[PDB]
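Novice: PDB entry and its sequence, pasted below:
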Amino acid sequence: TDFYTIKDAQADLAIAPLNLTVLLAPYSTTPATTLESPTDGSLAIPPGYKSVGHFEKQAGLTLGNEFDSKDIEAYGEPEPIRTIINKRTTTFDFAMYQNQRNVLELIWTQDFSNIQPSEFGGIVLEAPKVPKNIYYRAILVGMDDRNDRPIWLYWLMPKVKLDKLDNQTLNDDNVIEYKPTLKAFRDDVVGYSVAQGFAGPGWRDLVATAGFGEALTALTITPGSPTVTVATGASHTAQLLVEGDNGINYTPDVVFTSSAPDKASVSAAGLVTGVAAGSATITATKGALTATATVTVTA
Amino acid sequence: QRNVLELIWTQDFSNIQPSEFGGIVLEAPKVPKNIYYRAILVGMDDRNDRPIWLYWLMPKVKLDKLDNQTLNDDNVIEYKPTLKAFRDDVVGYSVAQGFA
Amino acid sequence: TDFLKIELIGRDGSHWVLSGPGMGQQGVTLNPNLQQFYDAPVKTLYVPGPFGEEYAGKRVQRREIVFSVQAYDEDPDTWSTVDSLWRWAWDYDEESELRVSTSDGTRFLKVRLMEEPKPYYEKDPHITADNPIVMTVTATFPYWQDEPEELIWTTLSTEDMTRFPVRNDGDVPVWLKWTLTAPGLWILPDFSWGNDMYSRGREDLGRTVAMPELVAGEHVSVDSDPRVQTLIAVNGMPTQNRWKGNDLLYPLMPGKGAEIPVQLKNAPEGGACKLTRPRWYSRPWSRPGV
Amino acid sequence: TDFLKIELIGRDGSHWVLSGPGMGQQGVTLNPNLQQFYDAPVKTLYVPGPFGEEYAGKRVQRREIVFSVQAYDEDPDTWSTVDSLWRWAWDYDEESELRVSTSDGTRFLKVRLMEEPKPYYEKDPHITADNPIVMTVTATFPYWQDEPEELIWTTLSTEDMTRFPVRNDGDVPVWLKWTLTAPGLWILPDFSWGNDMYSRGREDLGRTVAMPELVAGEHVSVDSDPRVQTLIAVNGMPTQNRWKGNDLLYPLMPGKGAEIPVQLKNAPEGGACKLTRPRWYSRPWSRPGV
Amino acid sequence: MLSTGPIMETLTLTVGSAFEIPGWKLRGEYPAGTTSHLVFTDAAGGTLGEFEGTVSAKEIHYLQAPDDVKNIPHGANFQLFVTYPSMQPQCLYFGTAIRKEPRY
Amino acid sequence: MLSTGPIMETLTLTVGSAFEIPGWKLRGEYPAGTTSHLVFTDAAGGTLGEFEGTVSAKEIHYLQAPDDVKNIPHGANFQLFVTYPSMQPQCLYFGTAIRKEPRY
Amino acid sequence: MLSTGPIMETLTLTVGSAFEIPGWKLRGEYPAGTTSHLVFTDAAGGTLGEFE
Amino acid sequence: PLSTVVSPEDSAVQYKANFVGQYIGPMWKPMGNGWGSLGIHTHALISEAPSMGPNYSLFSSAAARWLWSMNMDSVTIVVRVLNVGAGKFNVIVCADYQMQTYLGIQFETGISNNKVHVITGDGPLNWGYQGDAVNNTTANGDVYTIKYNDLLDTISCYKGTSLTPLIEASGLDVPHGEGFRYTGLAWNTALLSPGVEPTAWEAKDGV
Amino acid sequence: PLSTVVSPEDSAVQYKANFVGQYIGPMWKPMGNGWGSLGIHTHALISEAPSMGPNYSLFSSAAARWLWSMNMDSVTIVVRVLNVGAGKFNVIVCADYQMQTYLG
């Protein structure tokens, strides 16, 4: 086998976080199990998660992983036979610009929900007498939009706490930035400290290549004999679902066509509307794969 | 890809089933898992259409450390692990170097 | 390494490879820094003299071996099984074997729990399923042992004599054991081998002692080691009680050997004799001594 | 971890989950590095011998468990409530229960405050509202226990006999307790189970001891435990006085068990016998052994 | 681990409060015909309580009454079985019940 | 180690729970005609239970009703054997069977 | 170490399992006609097994 | 280091069984029909102790072997039985670890075959006969003593208290020594109902 | 381990007594009449071996218990006896520790 075939490198599996945002929620907010909407697979931020806004471009966002390790030594062996990772500490830091309520609450470790602006809008945010140990829920979601098929890659940290705060320098040519480091703790209710996830049409394209599940080889369709009504009513339209052999819905990816638009007119999303009584053929194609269904239309 | 992510997270993601729209979620384990792999580091020098394949065989490697990764709106996300070689009892060596 | 193998055979007969080829197959390996394991602890005695202190003798001491093992497995349930089995392989009242195998052969040391084991790390052991157990074991008999060399001589004659080749190839004196059938008057050798412990090394060069006349069914075991009564009869008769305050006095000193003579008289049936020479050593491995 | 769950039942009946699933729900968690918690402290005796020192037996020691807890809450007032409750859960005179639950079941240790606790940091604890308490507790009975197994045999016949199934699944001997109704003459087993602690291990294999005849209302507790008197009459009568130098001498040795016979005679109104067998272990968890 | 084993767990109970296990934690694929069964027992083994959960496509939900859960004390054992259609019950969770309430 | 051996493992038993070994825990390459069985044993060598696994092309599945595994106690030994066609049986997983359940 | 010597190695046996040593463990160049045999003896030297 | 390896001087051993609990127990290894081929029958109709036999719900002929082995060639087996039907009950002596070759005493109960035979086993469930057959009626609670004497190379069966051999045989071609010291029982019935089955069993080394 | 090992309780026993040494021996414990109630009588007038009996210097009745017990209920006793004069001789089996109840 040649070197290129042995390497089998794919450039499409390189995901660049072209855009990125961090969302913080109070610890009472229900944690985000996943960011993919169960309806159409779009991005679904759970309620209670508020974005922190812009942050510094040059600083980026650094995810730090720290391993505590212990070498096990054998009497009859010179080198360590094994090593044990006692713990993996995850932190992340970024330099955020905006001066909003949640940003300032995170910076000062105080709840400013009871802060009432003065008659002319002025506010004063006193630091707590004793620093307060407050936990939040963090979502770090980034978008790589390629060919109008975005990939949303995200980190879910159900429990984060301000670990340190970098010194801030005031310069008459730069805006004020707050650069916190947030350490992730393991949440008992969800059973993890940090999780990584992928979603989007681009990720749906790349699941098989990445190697999760099985490769898409058979394009099955919803039951191929749906009955539709010409007259307006409950049964004047019928929705078709296009699935792969690996249990992935490929309806947005496939192309819906009708060989007989007179009988059932098919939309892009996969809705056949009864127009004239008879039988129609609906075909959804994706590359070489295709699926067909014979729709019955009644007046 | 799956083996890269499994190595990074010290978890076996063979049972991870993509959702209806292909999305996956990879949770870090409760306690880091001590998993060993077998590594082949093979390089090719193409000289006069007579390649030299020089390779390293590590029959037992473990993720020793993982450096901090920085997200920048102009660079792809890279995972930079360090893998430590241990001596395999079945083959009797930890690292071998070969040419072909 | 492949030059050294360490094994444990527990009080329950379980087999563990702590070090060497096949170590850790049962889940337990041996950690470094094991102490009082190689040389038998000996203290020397000194008495005041004109030039300081004069040599007064030596006494061997029991072994206090403190060593750590590592019990490991992938899943905590199986690790718990392994740890329970390792704990079951030990006791305070009864001893378990600890075998060292090298190019010099296999030598075993019988050890018992001197005190309670100290298991696990600071956190609970189910987190790692890979935990160290610190064992403080003790060897009441401090010498390393090989399987003893046994010889048998049978005779149908009323009166007979035999010679047993005997040689101590170890570095410590060993005490002979005899098993003599009955009836019959036996004469056993108690050669000094030049040992001047009683100031009779040359006088007792060819010392022989007669056992009391054994009656029918009174087969005896004559163990010269001091941990054990010398004469013990099979049928419970008090043979040493009959034997008039005599004793076997001398061990087979290192580097000494001869054809020791055994005499049998007044044995109408004709009797049998068995000689057991122990093989004690002060180190788990050592080249043969001459 | 979910493989191990540590709970405390205070002297006042409070329930705390210090480790495992549900830990910290009551505000108190368990800190690492807890000592003398797993293996029962046993010391071995040695007397001088020919080759150093000879094993002379073992003695089990009372447990001295030194551990630490975190009392925590977000507000100092509720932290103070939790800290007060934790202090209330302990005493010196009366003991509190400490349960360890694993895949081998639930085993408990009765512990009491050996000395005063050492609470809080160097500053006042209301600042952090999250403070460590250092507990030095002691276990007078060093064995981890399970709920004792109780059997009842009632009969209306004047003369009757039964077989109690008995088995010691633990690693330590246990002492049986009997509760016998009156009147009637009871005969109870005192099997040695091969124990040579009185040089009668096989002579006493089927030993039975006949308790003195009981008058009406003289219900007896017959506990073989050395801590308590063997015969205790509920009405204060000196029943042991009419018992002629006989006693229950033997515990239930580990790994031993049978259908021990209990006989009742001369009982005009029948009789009831209750057998309590303790379940003592030297470890919080251990796989069954036989 | 070769076999499927129950996870050790604890259930909190409160006097005067409704017992409830939220569905978002008992997640998993449950085909139509699945049932759930939560059993509360004492030290002897006497059945203190039997409860049936309302299974859904992806969750199992429990919701009882304070009268229903009054008889269960702290330390009572529990186990939660799930029975898939045409299958034997499988113990998802076992463990113990603690009470988070003003002690009396 | 010239000759390979089995792997030491644990099995979980629960009262009222079906004993199941998922096939993804016994994944392999098994030609048609490959058999597999599992034997439980006490400390004396007596068989407490013998079961046959469903060997598919790339997995082996075990599934027993709770009545079958009721009598196997906590701490029993187990062996798992796979017999390839026209070949002698070989032991894959040996070990112990713990009982993870509320004790009475 | 002027002379060729054996390597101290251990064997694993299981009841009810086929004893097997894989070929890749006993590697090396063996010309035609080479014969290998494994001999199991007891503590006294008495042969208790022999295999080809 | 050992001059010779000698087989340990194993002492005389004794075993008992009564079939009072729920199931058979691991001390009886099933044979021929595989695992789960044995069961306990209560026999409460005749008010007797439970007996051991085949599980007639799915089997008719079943054999069992004692888990342990006798330490000496000579052996005594005392069996207390019940006759609740028609069938054949075999007491098996000097069997191998698979009950392939063994001596045995067969008690047949039937309309015309109320007899006792000496049998040599060809597999656990198949056997051949040696010598004639002695007429013998078996009642509930009958106790039979089957002794194999190695010195005389004889197999004998005595009934009740009398010491005269109810049946006897000598010189049969069955291997002895190590590996042929296993005892057992077997049941063979044409119907699916209990026939002659043991409620009590004792084994002892030597005669 | 239980397959290979044989427990002392699970082993047949064999006991002998000859009295030819003209001493009681340590294996017989007097019952009922207390210590020193047994004796050995030579019967030298006739060609006979010594026999064990009561200490007729003190008692006219006596009992002895063999120090160790049997390991199974069924038992065989073989006694070679001498009828010197008038008397009653009991062979006692299935006795308790103090020989209170027995067959004979």
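Specialist: Done, it's in. Residues are numbered from 1 along each chain as shown, chains lettered A, B, ... in the order given.
Novice: for chain I, what are the nearby residues on the stretch 101-250 of chain C?
Specialist: Residues of the stretch 101-250 of chain C lying close to chain I by Cβ under 8 Å from any Cβ of the partner chain are residue C:236. For the C-beta atoms, the positions are set from N, CA and C on the backbone; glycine is no exception.
Novice: need the helices for the stretch 101-250 of chain C, in chain order.
Specialist: Applying DSSP state H, counting those that start in this stretch to the stretch 101-250 of chain C gives helices spanning C:239-242.
Novice: what's near enough to touch the closest residue to chain F within it?
Specialist: Minimum separation of the stretch 101-250 of chain C from chain F (Cβ to the nearest Cβ) falls at residue C:129, amounting to 11.4 Å. The contact partners of residue C:129, by Cβ atoms under 8 Å, 6 or more residues apart in numbering or on different chains, come to C:72, C:73, C:74, C:75, C:76, C:78, C:79.
Novice: Please list which of those residues are also close to chain D.
Specialist: Okay, of the contacts of residue C:129 touching chain D (Cβ under 8 Å from any Cβ), that's residue C:76.
Novice: Let me know the distance separating the residue of the stretch 101-250 of chain C closest to chain F from residue C:71.
Specialist: Counting by Cβ to Cβ, to the nearest Å, the gap from residue C:129 to residue C:71 is 9 Å.
Novice: Find residues that contact each of these two.
Specialist: Common neighbours of residue C:129 and residue C:71 (Cβ under 8 Å, 6+ apart) are residue C:79.
Novice: Quickly list what the nearest residue to residue C:161 once chain neighbours are set aside is bridged to.
Specialist: Residue nearest to residue C:161 in three dimensions, not counting chain neighbours: residue C:263, with 5.0 Å by Cβ to Cβ, 6 or more residues apart in numbering or on different chains. With DSSP bridges applied, residue C:263 shows beta-bridge pairing to residue C:161, residue C:187.
Novice: Could you verify that residue A:105 is part of a helix?
Specialist: Yes: the assignment for residue A:105 (DSSP: H, G, I helix; E, B strand; the rest coil) places it in a helix.
Novice: tell me the contacts of the nearest residue to it once chain neighbours are set aside?
Specialist: In space, and not counting its chain neighbours, residue A:105 is closest to residue A:112: 5.2 Å by Cβ to Cβ, 6+ apart. By Cβ under 8 Å, 6+ apart, the residues touching residue A:112 are A:101, A:104, A:105, A:125.
Novice: Just the buried ones from those, in ChimeraX syntax?
Specialist: A single ChimeraX command selects the buried members of these (16 or more other Cβ atoms under 10 Å in any protein chain shown):
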select /A:104,105
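Novice: Nearest to chain C among the contacts of residue A:112?
Specialist: Taking the contacts of residue A:112 together and measuring to chain C by Cβ to the nearest Cβ, the closest member is residue A:105, at 34.1 Å.
Novice: Residues of chain E that sit close to chain A?
Specialist: Residues of chain E lying near chain A by Cβ under 8 Å from any Cβ: E:24, E:25.
Novice: How about the residues of the stretch 1-150 of chain C by chain G?
Specialist: Counting by Cβ under 8 Å from any Cβ, the positions of the stretch 1-150 of chain C adjacent to chain G are C:2, C:3, C:5, C:17, C:20, C:21, C:22, C:25, C:101, C:147.
Novice: Measure how buried residue A:168 is and give me the count.
Specialist: Residue A:168: 11 surrounding residues under other Cβ atoms under 10 Å in any protein chain shown.
Novice: Grab the nearest non-local neighbour of the residue in the stretch 101-250 of chain A positioned nearest to chain C.
Specialist: Closest contact between the stretch 101-250 of chain A and chain C, by Cβ to the nearest Cβ, is at residue A:186 (12.4 Å). Residue nearest to residue A:186 in three dimensions, not counting chain neighbours: residue A:193, with 4.1 Å by Cβ to Cβ, 6+ apart.
Novice: Find the closest residue to chain I in the stretch 101-250 of chain A.
Specialist: residue A:191 (41.6 Å).
Novice: Can you give me the distance of that residue to chain G?
Specialist: 38 Å (Cβ to the nearest Cβ, to the nearest Å).
Novice: Who are the contact partners of the residue nearest to residue A:186?
Specialist: Applying Cβ under 8 Å, 6+ apart, the residues contacting residue A:193 are A:90, A:157, A:158, A:159, A:184, A:185, A:186, A:187, B:28.
Novice: Write the PyMOL selection for whichever of these are buried.
Specialist: Buried members of the contacts of residue A:193 can be picked out in PyMOL with the line below, counting by 16+ other Cβ under 10 Å:
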select buried, (chain A and resi 90+157+158+159+184+186+187) or (chain B and resi 28)
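Novice: List just the nearest of the contacts of residue A:193 to residue C:234.
Specialist: residue A:186 (69.8 Å; Cβ to Cβ).
Novice: Quickly note the distance from residue A:160 to chain G.
Specialist: 50 Å.
Novice: so the residue nearest the centre of chain H bridges to which residues?
Specialist: By Cα atoms, centre = their mean, chain H has its centre lying nearest to residue H:91, at 1.9 Å. With DSSP bridges as the criterion, residue H:91 is bridged to residue H:105, residue H:185.
Novice: any idea how far residue H:77 is from it?
Specialist: 5 Å.
Novice: Please enumerate the shared neighbours of these two.
Specialist: By the contact definition Cβ under 8 Å, 6+ apart, residue H:91 and residue H:77 are jointly contacted by H:146, H:183.
Novice: residues in the stretch 1-150 of chain A within reach of chain E, list them.
Specialist: A:30, A:33.
Novice: Let me see the contact set for residue H:36.
Specialist: Counting by Cβ under 8 Å, 6+ apart, residue H:36 has contacts F:50, H:30, H:55.
Novice: Is it correct that residue A:9 falls within a strand?
Specialist: No: under three-state DSSP, residue A:9 sits outside any strand and is assigned coil.
Novice: close to chain I, is stretch H:78-90?
Specialist: Yes: contact of stretch H:78-90 with chain I is found when judged by Cβ under 8 Å from any Cβ, involving residue H:78.
Novice: report the longest strand in chain A, please.
Specialist: Counting residues, the longest strand found in chain A (DSSP state E) is strand A:149-165.
Novice: Next, the buried residues of stretch H:111-127.
Specialist: In stretch H:111-127, counting by 16+ other Cβ under 10 Å, buried: H:114, H:115, H:116, H:117, H:118, H:119, H:120, H:121, H:124, H:125, H:127.
Novice: got it, and stretch C:28-37?
Specialist: For stretch C:28-37, using 16+ other Cβ under 10 Å, the buried residues are C:28, C:29, C:30, C:31, C:34, C:36, C:37.
Novice: Let me have those residues in JSON lines, extended by secondary structure.
Specialist: Below are those laid out as JSON lines (three-state DSSP):
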{"residue": "C:28", "secondary structure": "strand"}
{"residue": "C:29", "secondary structure": "strand"}
{"residue": "C:30", "secondary structure": "strand"}
{"residue": "C:31", "secondary structure": "coil"}
{"residue": "C:34", "secondary structure": "coil"}
{"residue": "C:36", "secondary structure": "coil"}
{"residue": "C:37", "secondary structure": "coil"}
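Novice: Turn those residues into TSV, columns for distance to residue D:152.
Specialist: Listed next are the buried residues of stretch C:28-37 as TSV, based on distance: Cβ to Cβ, whole Å:
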residue	distance to residue D:152
C:28	45
C:29	50
C:30	51
C:31	51
C:34	53
C:36	54
C:37	55
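Novice: now, which of those sits nearest residue D:185?
Specialist: residue C:28 (54.7 Å).
Novice: Where does the residue lying closest to residue A:10 once chain neighbours are set aside fall, secondary structure wise?
Specialist: Once flanking residues are discounted, residue A:10 sits nearest to residue A:209: 5.7 Å by Cβ to Cβ, 6+ apart. Take DSSP states H and E as the rule and residue A:209 turns out to sit in helix A:201-210.
Novice: So what's the gap between that helix and the chain middle?
Specialist: Relative to its parent chain, helix A:201-210 has a centroid offset of 14 Å by Cα atoms, centre = their mean, to the nearest Å.
Novice: Show me what it packs onto, helices and strands only.
Specialist: strand A:149-165 (3 or more Cβ pairs under 8 Å, 6 or more residues apart in numbering or on different chains; DSSP states H and E).
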